[PDB]
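Trainee: Chain order of the listed sequences is B and N. Under PDB author numbering, think of the first position of the first sequence as 2878, with each following residue one higher. Under PDB author numbering, think of the first position of the second sequence as 2795, with each following residue one higher. Where is the CB? At the ideal position from N, CA and C, for every residue including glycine.
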Amino acid sequence: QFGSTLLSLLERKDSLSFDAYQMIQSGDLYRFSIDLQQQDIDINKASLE
Amino acid sequence: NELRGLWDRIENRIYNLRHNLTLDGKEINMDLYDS
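What follows is the structure, given as structure tokens:
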């Protein structure tokens, strides 16, 4: 009972640590998305000129 | 009236020559862009 308690809790521990690390994977992608797209304001201004 | 039109014309043309770089247009600085 103690060994299966330790094992089944350790699956619950190492499952949720994956769900955590999977979120921060978005942080670089937002930076690159904004710093690519923002130029279309400068192109829409250059087209008005 | 011709004297008053004439002296004001030469005053305007001196102002343009004293800036030079217009030619009453914009010769030197154009098409530049940033960001």
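Using a Cβ cut-off of 8 Å, which residues of the segment 2804 to 2822 of chain N contact any Cβ in chain B, in chain order?
Mentor: none
Trainee: Any beta carbon from chain N within less than 8 Å of residue 2919(B)'s own beta carbon?
Mentor: yes
Trainee: Please say whether residue 2917(B) and residue 2829(N) have beta carbons closer to each other than 8 Å?
Mentor: It is not a contact, given that the beta carbons lie outside the stated cut-off.
Trainee: Considering only their Cβ atoms, is the gap separating residue 2815(N) from residue 2822(N) smaller than 8 Å?
Mentor: yes
Trainee: Whole angstroms are fine: how far does the CA of residue 2904(B) sit from the CA of residue 2887(B)?
Mentor: Residue 2887(B) and residue 2904(B) have their C-alpha atoms roughly 28 Å apart.
Trainee: Determine, using beta carbons only, whether residue 2923(B) comes closer than 8 Å to chain N.
Mentor: Yes - at least one Cβ of chain N is within 8 Å of the one on residue 2923(B).
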